[PDB]
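Report on the structure given below.
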Amino acid sequence: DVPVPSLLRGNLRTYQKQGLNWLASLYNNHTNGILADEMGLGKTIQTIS
Amino acid sequence: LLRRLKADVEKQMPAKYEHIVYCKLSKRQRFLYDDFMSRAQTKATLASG
Ligand SMILES: Nc1ncnc2c1ncn2[C@@H]1O[C@H](COP(=O)(O)OP(=O)(O)O)[C@@H](O)[C@H]1O
Ligand code: BEF
């Protein structure tokens, strides 16, 4: 996980940054998976990020 | 698959209690309930249909 953090105005927590970490292996490896996190943990922050 | 839960972000989330409130049935609801049980028994309750 080596993210370029520009245009991300708000603040995210550590586990959502780990959500971007596990989301980094999808587009770079051309793989598609289902992200099913617990409700209230900010999946939309991971998608927007 | 990608799945996390609230136990990793625990000790900052508040407690969650599940209460069960019992309320007795009303008099007209008991008469109408027994009336629908008897009238359903006239139709043989439609259980195995
Ligand atoms: N870094 C953060 N700081 C504060 N609140 C946040 C943060 N990330 C997410 N949230 C809150 O978590 C909620 C996430 O809701 P949303 O992503 O729409 O649905 P869900 O997370 O239930 O799939 C948002 O309403 C937001 O207020
Ligand atoms: F999973 Be969240 F409640 F949209």
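Residue numbering restarts at 1 for every chain of the structure tokens, chains are lettered A, B, ... in their displayed order, and ligands are numbered from 1 as they appear.
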
Distance-based interface of chain B with chain A, 9 Å, counting only C-alpha atoms, as a ChimeraX atom specification: /B:1-6,8-9

Please list as a compact mmCIF listing (two decimals) with C-alpha atoms, in the first residue's frame every residue within 12 Å of residue A:9, counting only C-alpha atoms and excluding residues in the same chain fewer than 3 positions away.
# COMPACT_ATOMS: atom_id res chain seq x y z
CA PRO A 5 -3.12 11.14 -0.80
CA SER A 6 -4.02 14.18 -2.95
CA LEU A 12 -10.09 8.57 7.31
CA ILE A 45 -15.03 6.47 2.25
CA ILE A 48 -14.45 7.57 -2.80
CA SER A 49 -10.81 7.25 -1.72

For atom 21 (O, counted along the ligand's line) of ligand 1 and atom CA of residue A:31, the interatomic separation in Å (one decimal): 22.8 Å

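Checking A:2, A:18, A:11, A:30 one by one against ligand 1, counting only C-alpha atoms and all ligand atoms, you find the shortest gap at A:11.
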
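Among the residues of chain B, backbone DSSP assigns helix (DSSP H, G or I) to residues 27, 28, 29, 30, 31, 32, 33, 34, 35, 36, 37, 38, 39, 40, 41, 42, 44, 45 and 46 of chain B.
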
For atom CA of residue A:47 and atom 17 (O, counted along the ligand's line) of ligand 1, the interatomic separation in Å (one decimal):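 Going from atom CA of residue A:47 over to atom 17 (O, counted along the ligand's line) of ligand 1, I get 8.7 Å.
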